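Residue indices begin at 1 and follow the sequence shown. Values below: every heavy atom of this structure, side chains too, minus hydrogens, waters and symmetry copies. Every number for a ligand or one of its atoms is a count from 1 in the order of the listing.
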Amino acid sequence: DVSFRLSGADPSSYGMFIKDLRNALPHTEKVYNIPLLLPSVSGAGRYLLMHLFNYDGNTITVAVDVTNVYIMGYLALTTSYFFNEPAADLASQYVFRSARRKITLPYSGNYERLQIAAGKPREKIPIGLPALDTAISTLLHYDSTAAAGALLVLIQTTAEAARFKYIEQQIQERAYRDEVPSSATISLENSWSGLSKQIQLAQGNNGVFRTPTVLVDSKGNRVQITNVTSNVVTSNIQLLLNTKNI
Ligand SMILES: *[C@@H]1O[C@H](CO)[C@@H](O)[C@H](O)[C@H]1NC(C)=O
């Protein structure tokens, strides 16, 4: 398991949590020095538990699929909550079984569905450590509209930050003041599958992407990533979605 406490949190302790999160994901191989997530894992070993504590010390446990860093569901006191999607129902066979009741959320976990339920795109939702504290608090008591927004915050400040060093740094900058994600942050989130694929395809193509990936950089400028010498590959991305899952 991995843990993070918002009480006394600072950029350093958050950095340690994201490091722990990355290190908890198993891999058998690196591709261009980036850990390659496994094609599959059987049984309960598929799911990592993240223990998150809000400023007041109240806690949720979040179940994460270690093959893709997708959040499946979470436990809040004696109630479990899972996304309305087959991967999450499968996860519900293995985690939080001791919950007194299980609620299936009225949406799947993908960004589009969550944004619909929340009533806003995540371009408009501030993120940061304060937002994460709020998210944890919201998820403690069932409110499906509120929870959609909370989950958009949770996903970005945990799994997204684990996937990209740039996103981890963006959250560290927002340790004591929330701010909506940079356009670059959004671009990277949207491009993780694509980038993971092209980095793997580059292995037998001399480091060259079969299809270029278009990203927005820090300055709001749109750019093309064509090969593994790019900063996105050498410095930024920290985990690869296995091409078998793409
Ligand atoms: C590869 O990408 C680098 C970094 O952006 C770029 O400067 C270069 O033009 C590209 N080289 C090849 C061979 O595609």
Side-chain angles (χ1 to χ4, degrees), residues 11-12 14-39 64-71 110-112 115 121-128 152-153 155-175 178-246:
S12 184
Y14 175 74
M16 290 190 286
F17 156 64
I18 294 306
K19 172 196 292 185
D20 295 345
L21 175 48
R22 288 167 185 150
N23 286 169
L25 308 170
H27 68 277
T28 228
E29 186 179 346
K30 301 187 182 180
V31 174
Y32 294 102
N33 210 43
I34 305 152
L36 173 67
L37 298 170
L38 301 177
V64 179
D65 182 322
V66 303
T67 71
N68 52 26
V69 217
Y70 296 167
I71 291 179
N110 70 93
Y111 278 140
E112 297 284 50
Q115 287 176 174
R122 72 204 188 272
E123 281 84 354
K124 306 285 263 298
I125 303 168
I127 60 179
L152 288 167
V153 174
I155 288 166
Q156 295 180 273
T157 55
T158 62
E160 296 302 3
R163 294 168 177 153
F164 296 101
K165 194 169 274 171
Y166 174 83
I167 296 181
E168 169 184 14
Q169 291 168 334
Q170 290 292 109
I171 303 311
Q172 290 174 310
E173 294 181 0
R174 297 156 167 71
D178 298 327
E179 182 181 334
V180 296
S182 65
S183 294
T185 291
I186 297 292
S187 180
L188 294 167
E189 295 170 352
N190 289 342
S191 300
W192 184 60
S193 189
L195 283 169
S196 291
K197 185 182 192 159
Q198 294 305 316
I199 291 166
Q200 281 163 88
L201 293 178
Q203 264 188 119
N205 191 222
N206 295 311
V208 177
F209 288 11
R210 298 276 176 181
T211 311
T213 291
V214 181
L215 297 182
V216 181
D217 70 9
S218 314
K219 334 237 143 185
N221 287 311
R222 159 256 177 232
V223 300
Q224 282 220 327
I225 312 301
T226 58
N227 67 76
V228 297
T229 67
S230 158
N231 288 289
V232 189
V233 185
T234 61
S235 311
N236 194 349
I237 193 160
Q238 301 295 312
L239 303 162
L240 303 176
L241 185 61
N242 200 299
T243 189
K244 290 165 92 165
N245 295 313
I246 304 175

Testing the basics here: between [X] and [Y], what is the closest heavy-atom pair and its distance to 0.1 Å?
| X | Y | result |
| --- | --- | --- |
| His27 | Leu38 | CA-CD2, 4.0 Å |
| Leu37 | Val66 | CD2-O, 3.5 Å |
| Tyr166 | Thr185 | CE2-OG1, 3.3 Å |

Distance filter under 4.0 Å, heavy atoms only, around ligand 1 gives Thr226, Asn227, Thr229
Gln224 atom CD, neighbour heavy-atom count above 12 within 6.0 Å: yes
In terms of side-chain geometry, is the basic nitrogen of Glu168 or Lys165 positioned less than 4.0 Å from the acidic oxygen of its partner? no
Worksheet item: Any sub-3.5 Å donor-acceptor pair from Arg22's side-chain atoms to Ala162's backbone N or O?
Response: yes
